[PDB]
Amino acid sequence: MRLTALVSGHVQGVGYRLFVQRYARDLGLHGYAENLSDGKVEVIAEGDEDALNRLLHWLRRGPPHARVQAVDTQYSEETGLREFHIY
């Protein structure tokens, strides 16, 4: 399925997108991570349900110096995205 996750907290400017991309690639997932102008990070990830749960473990922690306060999740059908990009 597709996970669309919205990450709140001290998350921009701390390498969060690169962190997500590394773990998504480790977990066989495709999609993207993008900074939002309201201060959040949006993560779209497509792939197996358990891999999405493993990614969520990382999304809730973030890199060194991130302070992730919450991760809102919503699920939808995969669209066939390839690769994992940062925007």
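Numbering starts at 1 and runs along the sequence shown.
Higher average CA B factor: 55-63, of the stretches 31-39 and 55-63.
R2 sits in the lowest third of its chain by CA B factor, as recorded in the PDB entry. In the deposited entry, the Cα temperature factor of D26 places it in the middle third of its chain's modelled residues. Looking at the C-alpha B-factors along this chain, the one for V71 belongs to the highest third.
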